[PDB]
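First the structure, in the form of structure tokens, and then the observations on it.
Number of protein chains: 6
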Amino acid sequence: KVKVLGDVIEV
Amino acid sequence: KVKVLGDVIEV
Amino acid sequence: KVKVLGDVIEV
Amino acid sequence: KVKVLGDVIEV
Amino acid sequence: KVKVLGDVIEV
Amino acid sequence: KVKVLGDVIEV
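Residue numbers (the entry's author numbering), protein chains in the order written: chain B, 1 to 11; chain A, 1 to 11; chain B', 1 to 11; chain A', 1 to 11; chain B'', 1 to 11; chain A'', 1 to 11. A prime marks a further copy of an entry chain.
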């Protein structure tokens, strides 16, 4: 299965 | 810690 | 169209 | 509620 | 490379 | 501003 794993970033 | 876990969806 | 829908999780 | 909505991008 | 770029949304 | 940056992962 393909998931998305990600972070909050300050931009 | 806070991460983001998500799925691909057909829209 | 393919989007990503996701949640914040505590890890 | 807070969700995450995102796109796939070519980088 | 393919990344996911996304936003927090109120839902 | 806060965005989400993430990767596709095989799970």
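Every residue, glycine too, gets a C-beta built ideally from N, C-alpha and C.
Interface flag, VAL11/A vs chain B, CB-CB below 8 Å | Locating residue 11/A in the second sequence gives position 11, counting from the first residue. No, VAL11/A does not count as interfacial toward chain B.
Q. Going straight from the alpha carbon of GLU10/B'' to that of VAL4/A'', what length do you get?
A. One-based indexing of the fifth sequence puts residue 10/B'' at position 10. One-based indexing of the sixth sequence puts residue 4/A'' at position 4. Taking the straight line from one Cα to the other gives about 14 Å.
Compare the C-beta of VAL4/A against all C-beta atoms of chain A'' and say whether one is closer than 8 Å.
Numbered from 1 along the second sequence, position 4 holds the residue referred to as residue 4/A. Interface residue, yes.
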